[PDB]
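Residue numbers (PDB author numbering), protein chains in the order written: chain A, 0 to 617; chain A', 0 to 617. A prime marks a further copy of an entry chain. For reference, the structure discussed in these notes is given below.
Protein chains: 2
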Amino acid sequence: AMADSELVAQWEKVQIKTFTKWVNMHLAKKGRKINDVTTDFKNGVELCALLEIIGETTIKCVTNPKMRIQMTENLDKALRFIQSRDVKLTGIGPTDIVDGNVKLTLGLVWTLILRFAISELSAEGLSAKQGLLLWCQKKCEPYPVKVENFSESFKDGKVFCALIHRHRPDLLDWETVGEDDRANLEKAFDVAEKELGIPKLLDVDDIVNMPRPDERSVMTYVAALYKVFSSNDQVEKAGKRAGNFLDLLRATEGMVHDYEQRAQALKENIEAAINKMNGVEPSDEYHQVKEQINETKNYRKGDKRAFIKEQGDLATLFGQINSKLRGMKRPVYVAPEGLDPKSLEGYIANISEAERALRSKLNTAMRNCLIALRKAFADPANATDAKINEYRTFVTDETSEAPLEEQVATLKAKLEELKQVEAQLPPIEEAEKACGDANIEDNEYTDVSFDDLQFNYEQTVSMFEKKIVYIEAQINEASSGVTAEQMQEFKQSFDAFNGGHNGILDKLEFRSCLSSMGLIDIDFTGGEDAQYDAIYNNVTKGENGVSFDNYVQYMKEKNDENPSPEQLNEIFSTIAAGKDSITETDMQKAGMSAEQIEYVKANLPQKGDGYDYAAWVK
Amino acid sequence: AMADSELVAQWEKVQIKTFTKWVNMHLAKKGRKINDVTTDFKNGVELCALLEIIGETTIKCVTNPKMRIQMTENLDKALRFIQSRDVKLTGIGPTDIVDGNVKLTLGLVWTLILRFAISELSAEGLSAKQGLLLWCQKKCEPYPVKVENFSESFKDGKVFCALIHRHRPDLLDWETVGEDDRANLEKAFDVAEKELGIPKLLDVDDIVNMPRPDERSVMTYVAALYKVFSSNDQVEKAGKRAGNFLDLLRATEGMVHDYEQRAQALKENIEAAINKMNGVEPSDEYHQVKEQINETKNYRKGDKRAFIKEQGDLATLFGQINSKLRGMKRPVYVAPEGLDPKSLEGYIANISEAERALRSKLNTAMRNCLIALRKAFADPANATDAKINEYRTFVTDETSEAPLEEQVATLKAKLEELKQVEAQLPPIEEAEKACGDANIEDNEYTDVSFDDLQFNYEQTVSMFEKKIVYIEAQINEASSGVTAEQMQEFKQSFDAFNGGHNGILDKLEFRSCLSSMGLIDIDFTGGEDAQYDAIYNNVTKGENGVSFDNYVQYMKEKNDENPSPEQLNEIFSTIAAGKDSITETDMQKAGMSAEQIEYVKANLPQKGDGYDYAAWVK
């Protein structure tokens with residue numbers, strides 16, 4: 000019977016803890032927390048922040064008021080906001096909150112619970128407390144619970160469970176509740192804490208011990224029932240975070256499209272290039288293989304660069320996107336068969352093999368091409384040097400005992416044959432020149448030169464021609480008055496003066512010849528010599544040019560001008576008047592230029608009084 | 000006794016022939032000849048030419064006078080010249096010569112013989128005939144001859160011989176004359192004819208037959224005695240011809256000096272060149288052998304040309320001078336030993352051999368030089384490719400069963416060793432480049448390239464580094480919250496973004512990295528991003544750069560932003576208010592962008608009314 004009064008005190012102790020737990024449930028949204036409503040509101044600051052959250056209005060209370068006037072001034076403005084909303088003002092002034100009056104402060108925390116948690120639940124004749132009760136009565140209708148108030152009804156804790164299942168059957172089982180006061184209460188409070196976001200405003204020990212739980216406290220835990228809604232409606236903002244999370248996944252999905260676009264391009268472009276290398280056939284021509292070698296240099300400078308680089312970059316892309324997935328705890332991306340990075344690396348290894356196989360083909364094409372070019376020249380140059388030298392040996396061979404007229408037949412034979420090789424020379428000149436265009440600079444094949452060929456040819460032909468004329472001259476020594484060794488001299492000069500093998504001496508050629516022989520003082524280049532013009536007319540019968548026959552006729556006439564050995568004897572005799580030794584004196588009387596005389600003196604032997612010419616008969 | 004009168008007639012016959020023979024002896028100097036003095040003077044022309052030779056004066060008689068007046072006019076002027084010189088005029092008029100009077104004409108031919116042959120031989124009381132007789136008497140003093148007149152004295156012919164011997168003992172022997180009238184006479188007349196130039200004015204038959212030879216005739220043959228002098232004094236002009244002959248020989252002698260000067264120069268210049276070729280030592284350097292090869296090209300273009308040409312020209316000079324000698328019937332010129340044309344030809348053959356021996360040495364220098372250059376590159380390239388590939392094989396070999404912490408020790412071992420080969424690469428690059436400067440274009444020695452070396456190196460080192468980090472990551476998976484496959488992704492991106500091996504991410508490098516990951520919209524090149532600047536400050540503690548440790552710390556914080564699999568479950572539950580299948584409707588009420596919704600619809604499986612997320616718990 001005594002129970003009544005005793006009960007009220009312990010209720011106050013419970014009501015102070017639960018009212019505290021209700022304030023910092025809203026304050027925690029702003030990082031703020033309080034220990035005790037009866038002491039932490041004395042400065043007015045913590046009330047303004049609580050009013051600002053539940054009120055959606057900016058109050059500017061003085062952040063740490065030290066003197067009583069700022070605290071009281073604080074509560075005039077902060078309280079005036081409270082009073083603006085139809086909360087029951089009743090007794091309270093600002094000083095009542097500064098001075099820390101328990102029962103009035105609890106009454107003030109009570110009014111803003113009705114105003115800000117359950118106000119709208121007024122319903123055409125229903126207070127905040129009543130409508131909330133009817134709300135509770137509705138929600139547990141399927142359940143074997145008896146709900147009369149906010150004390151006795153809640154004590155079993157069977158009604159706490161019935162509210163959560165009705166809204167969320169997912170997280171709390173019903174076929175569970177029995178004689179475990181502690182279990183069902185803890186069951187509810189932890190469920191509210193972990194998935195509903197409601198703090199355990201109520202202590203599990205403090206309810207099982209008491210005859211009745213405090214109405215206001217349990218009424219307050221009713222604000223906690225809605226504060227679970229309140230939190231979730233703010234966790235719909237937390238649910239909008241998953242929109243950013245959705246964005247990230249959708250972006251990550253996109254970059255795999257960029258990978259696959261690029262990976263396919265690389266596979267395409269590679270297979271293509273391999274084919275171009277595999278498609279080219281190595282040349283035979285040097286300049287062609289040179290260009291073919293140059294085209295592989297063009298690849299390695301440009302596309303090869305690009306093919307290795309993109310492969311790496313795509314290995315990086317792949318790893319970067321899977322970095323994202325792994326970190327967002329979604330399953331890893333695997334690429335479509337043969338387009339994963341390691342298969343991409345393999346195509347690189349495939350083209351790195353195609354080029355090496357083609358450069359190998361092309362190296363060897365160059366070697367073979369180059370040996371060809373050297374053999375092009377060496378093999379015929381060797382064969383041709385051999386021929387021109389066999390003929391050389393032959394005209395050099397002094398010894399033949401056969402008749403002289405037989406010698407020239409045989410000689411003229413061999414020359415005709417050797418003259419035939421002349422033809423095969425200019426192909427050899429080509430092949431040497433072709434080696435110079437191919438910048439070849441050694442030839443293991445031949446030590447011969449084309450110039451050596453031409454010189455050996457031209458030399459050996461002259462040796463043939465020179466022997467055949469000379470043996471011709473020895474046949475005709477008989478019939479005509481010209482020693483074979485004299486004909487040689489004539490032919491030697493004539494041929495030396497006739498520039499081509501046009502078989503005649505020009506007007507101009509003849510002059511150069513005679514000026515050499517000193518038959519006219521060398522006036523050959525410039526002037527129009529009346530003397531020469533007369534000599535040339537004479538010599539060239541109608542050949543417009545000096546036939547060799549006409550040349551020899553001229554020379555014979557020049558020779559015929561000269562005196563005989565014995566005719567020259569008589570010439571001297573006449574000077575000396577028959578003396579064998581010729582004195583300077585009688586000779587002088589003959590009147591020769593001193594030059595003439597000194598020449599005699601220096602030439603022929605002195606024999607006493609004069610000089611002998613019996614030596615000159617020899 | 001009767002003899003007297005008979006004798007006079009035959010004398011006239013003899014006197015006409017000898018007077019004729021005397022006229023044409025002088026006329027022959029002008030190509031003119033007459034048959035008969037008694038008939039050939041009737042036109043006056045032949046007398047004028049005879050007077051012009053013996054008189055040294057130009058008469059202009061009418062060249063062929065047809066009418067008697069020109070002939071007579073002719074003889075007035077021509078006779079007047081005769082009369083000018085103190086010849087005895089006596090009876091003769093011009094008509095006497097036209098009419099062809101024998102005795103007067105003979106008398107006229109007689110006077111000009113005295114005037115023009117023996118005049119000056121008048122001597123302080125002596126006629127022309129007498130002084131000539133005393134002249135004869137003097138000259139035969141040593142001889143057993145008796146000289147009284149110009150008839151009987153000369154008949155034996157012993158006096159004719161005595162005159163010639165006295166002047167010229169050379170050509171007619173004295174110990175000879177006997178009873179041969181015919182011999183001594185013929186002996187004299189032929190001697191006078193061949194060497195004295197006097198025609199046989201006297202007939203050998205006509206003297207032996209007669210009692211006396213005609214005085215005037217034999218007197219005339221006395222003019223022939225002097226006409227032999229007269230001829231020789233004109234053959235002193237013929238002796239001046241030998242001055243021209245002397246000139247020719249002296250010129251021919253000169254040209255042998257020009258030959259010897261030139262032949263010596265050629266011998267000198269050749270021996271010298273041979274020595275320069277024999278003196279050069281073939282190079283080892285390519286560019287050097289190239290230049291050495293080029294110097295032989297310079298010879299063949301220039302000096303070789305000149306050396307062959309001068310040799311020929313001097314063969315021509317030699318033959319030309321001996322042409323002159325041979326034609327002037329002097330003995331041939333022989334050249335001083337080793338400077339004759341055929342020895343000159345031999346020195347040509349000697350230098351034609353020195354060049355061929357040197358080009359052979361130089362060909363081979365090139366070949367050996369070039370093989371060196373290829374082996375320079377091929378041998379180390381082959382050895383080095385082998386090493387980098389043995390290490391490649393090793394990191395490729397998947398299989399080792401030994402502890403993971405042992406694997407990384409062993410791995411880091413091999414990498415350190417392989418890293419050592421890095422050094423030997425740039426010498427190989429040189430040797431390849433050196434082959435390009437030596438324009439080598441094939442290499443039988445190696446199919447390797449330097450680029451292949453560098454790529455195989457750089458690739459294989461990355462493969463080592465990538466395995467060692469990954470096995471490092473597997474050791475530290477335990478202690479720190481990062482899967483080894485996640486570390487790989489981090490390291491792969493980081494290394495990909497750090498340009499050098501400076502072990503940090505730049506301000507600039509970090510941006511490029513994050514813009515890639517899309518952690519800020521790609522504003523990386525241009526602008527000064529307040530956001531990024533704030534992020535960079537945060538991340539780089541004081542490294543002025545992003546340490547990898549700092550990079551991983553950043554990435555871990557980005558990962559920590561993401562929700563749990565089961566945390567994400569609760570996020571969905573809250574949207575559906577505890578429904579397992581999520582309807583478009585309640586979700587829509589949550590207010591996601593339609594893009595978000597369509598993404599869900601397209602991603603997760605439809606399970607009745609809504610879409611399942613039990614799949615996403617996996």
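Ideal Cβ positions, reconstructed from N, Cα and C, are used throughout, including at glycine.
Original post:
If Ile15 (chain A') and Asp35 (chain A') are in contact, beta carbons under 8 Å, what's the gap, nearest whole angstrom?
Top reply: Going by Cβ atoms, the distance from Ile15 (chain A') to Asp35 (chain A') rounds to 7 Å, so yes, they are a contact pair.
Original post:
Whose Cβ in chain A lies nearer than 9 Å to the Cβ of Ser492 (chain A')?
Top reply: By Cβ distance, chain A contributes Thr315, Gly318, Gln319 and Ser322.
**OP:** Identify the contact partners of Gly499 (chain A) in chain A', using a Cβ-Cβ distance below 9 Å as the criterion.
**Re:** Near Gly499 (chain A) there are no residues of chain A' at all, since even the closest Cβ is about 16 Å away, more than 9 Å.
**OP:** Count the other CB atoms, across all protein chains shown, that sit within 10 Å of the CB of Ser492 (chain A); report buried if there are 16 or more and exposed otherwise.
**Re:** Counting the other Cβ atoms within 10 Å of the Cβ of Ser492 (chain A) gives 16 or more, which makes it buried.
Original post:
Below 8 Å, can you find three or more Cβ-Cβ pairs linking the stretch 472-487 of chain A to the stretch 214-222 of chain A'?
Top reply: These segments do not touch.
Subject >> Residue interval of the beta strand (DSSP E) (run including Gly609 (chain A)) >> reply: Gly609 (chain A) -> beta strand (DSSP E) spans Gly609 to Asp611.
Original post:
In or out: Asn543 (chain A) buried (at least 16 other Cβ within 10 Å) or exposed?
Top reply: Exposed is the call here.
Original post:
Quick one: which chain A residues come within Cβ less than 8 Å of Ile292 (chain A')?
Top reply: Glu440, listed in chain order.
Original post:
Taking the runs of the alpha helix (DSSP H) that are 4 residues or longer, which of them lie wholly in the stretch 499-532 of chain A'?
Top reply: Runs of the alpha helix (DSSP H) inside the stretch 499-532 of chain A': 506-516.
Original post:
So, is the C-beta of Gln487 (chain A') closer than 9 Å to a C-beta in chain A?
Top reply: Chain A, which has a Cβ nearer than 9 Å to the Cβ of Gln487 (chain A'), makes this yes.
**OP:** Decide yes or no for the touch test of the stretch 147-167 of chain A against the stretch 232-240 of chain A: beta carbon pairs closer than 8 Å, at least 3 of them.
**Re:** Touching, no.
**OP:** Report yes if the C-beta distance between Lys411 (chain A') and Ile474 (chain A') is below 9 Å; otherwise report no.
**Re:** The beta carbons of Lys411 (chain A') and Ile474 (chain A') sit no closer together than 9 Å.
Subject >> 7 Å CB neighbourhood of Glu192 (chain A) in its chain, flanking five on each side removed >> reply: Once the five neighbours on either side are set aside, the close Cβ partners of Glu192 (chain A) are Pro198 and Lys199.
Original post:
For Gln423 (chain A'), which residues of its own chain have a beta-carbon under 8 Å away from its beta-carbon, when the five flanking residues on both sides are left out?
Top reply: The residues are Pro379 and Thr383.
Original post:
At what residues does the alpha helix (DSSP H) containing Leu170 (chain A) begin and finish?
Top reply: That residue, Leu170 (chain A), is in no alpha helix (DSSP H); it is neither H nor E in DSSP.
**OP:** Closer than 7 Å by beta-carbon distance: list the chain A residues that pair up with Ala241 (chain A'), in chain order.
**Re:** Within chain A, the residues near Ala241 (chain A') are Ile570.
Subject >> Every unbroken alpha helix (DSSP H) inside the stretch 198-236 of chain A' [4 residues or more] >> reply: The stretch 198-236 of chain A' contains these whole alpha helix (DSSP H) runs: 204-207.
Original post:
Can you pull the DSSP bridge partners for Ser580 (chain A')?
Top reply: In the DSSP assignment, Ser580 (chain A') is bridged to A':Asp611.
Subject >> Delimiting residues of the alpha helix (DSSP H) encompassing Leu120 (chain A') >> reply: That residue, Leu120 (chain A'), is in no alpha helix (DSSP H); it is neither H nor E in DSSP.
**OP:** Consult DSSP for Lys606 (chain A') and reduce its assignment to one of helix, strand or coil.
**Re:** In the three-state reduction of the DSSP assignment, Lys606 (chain A') falls in the strand class, which pools E and B.
Subject >> Residue closest to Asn536 (chain A), alpha-carbon to alpha-carbon, out of A:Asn549, A:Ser515 and A:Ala377 >> reply: Minimum Cα distance to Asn536 (chain A) is reached at A:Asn549.
**OP:** Can you give me the Cβ contacts of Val176 (chain A) inside the same chain, cut-off strictly under 7 Å, excluding the 5 residues immediately before and after it?
**Re:** Close CB contacts of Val176 (chain A) within its chain, under the 7 Å cut and outside five residues either way in sequence, are with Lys157, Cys160 and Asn183 (chain order).
**OP:** Measure from the alpha carbon of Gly238 (chain A) to the alpha carbon of each residue in A':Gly609, A':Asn602, A':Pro562 and A':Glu174, then state which is nearest.
**Re:** Comparing C-alpha distances from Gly238 (chain A) to each of A':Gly609, A':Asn602, A':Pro562 and A':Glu174 shows the shortest one belongs to A':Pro562.
Subject >> Cut-off 7 Å between Cβ atoms - residues of its own chain near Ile574 (chain A'), not counting five sequence neighbours on either side >> reply: Excluding positions up to five away in sequence, the list reads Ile581, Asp585, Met586 and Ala589.
Subject >> Touch test, the stretch 429-437 of chain A against the stretch 332-349 of chain A', Cβ-Cβ under 8 Å, three pairs minimum >> reply: Contact fails: fewer than three Cβ-Cβ distances are below 8 Å.
Original post:
What residue ranges within the stretch 222-309 of chain A form continuous alpha helix (DSSP H) runs of no fewer than 4 residues, ordered along the chain?
Top reply: Runs of the alpha helix (DSSP H) inside the stretch 222-309 of chain A: 285-300.
**OP:** Could you work out which residue in A:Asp75, A:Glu309, A:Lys226 and A:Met276 is closest to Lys266 (chain A) when comparing CA atoms only?
**Re:** When each option's Cα is compared against that of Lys266 (chain A), the closest is A:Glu309.
Original post:
What three-state label does DSSP hand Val545 (chain A) in the structure shown?
Top reply: Looking at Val545 (chain A) - three-state DSSP - the assignment turns out to be strand.
**OP:** Return the Cβ separation of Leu162 (chain A') and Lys138 (chain A') in integer angstroms, given the expectation that the two are a contact with Cβ distance under 8 Å.
**Re:** That belief holds up - the Cβ atoms of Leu162 (chain A') and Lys138 (chain A') are roughly 5 Å apart, short of 8 Å.
Original post:
At what residues does the alpha helix (DSSP H) containing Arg366 (chain A) begin and finish?
Top reply: Segment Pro340 to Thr395, the alpha helix (DSSP H) holding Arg366 (chain A).
**OP:** Can you tell me which of A:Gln263, A:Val207, A:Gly92 and A:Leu224 puts its alpha carbon nearest to the alpha carbon of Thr104 (chain A)?
**Re:** Relative to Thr104 (chain A), the option among A:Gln263, A:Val207, A:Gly92 and A:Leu224 whose CA is nearest is A:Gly92.
**OP:** Give the straight-line distance between the Cα atoms of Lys418 (chain A') and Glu259 (chain A), rounded to the nearest whole angstrom.
**Re:** So the alpha carbons of these two residues sit roughly 35 Å apart.
**OP:** Kindly indicate which three-state DSSP category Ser461 (chain A) falls into: helix, strand or coil?
**Re:** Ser461 (chain A): helix per DSSP, three-state reduction.
Original post:
From A:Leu107, A:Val86 and A:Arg84, pick the residue whose C-alpha is nearest to that of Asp95 (chain A); which is it?
Top reply: That would be A:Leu107, whose Cα lies nearest to the Cα of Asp95 (chain A).
Subject >> Interfacial residues, the stretch 536-563 of chain A to chain A', with Cβ spacing under 8 Å >> reply: Within the stretch 536-563 of chain A, the residues whose Cβ lies closer than 8 Å to some Cβ of chain A' are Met554, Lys557, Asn558, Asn561, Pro562 and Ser563, listed in chain order.
Original post:
Within this structure, are the beta carbons of residue 635 (chain A) and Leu170 (chain A) separated by less than 9 Å?
Top reply: Residue numbering for chain A in the displayed model covers 0 to 617; residue 635 (chain A) lies beyond these limits and cannot be assessed.
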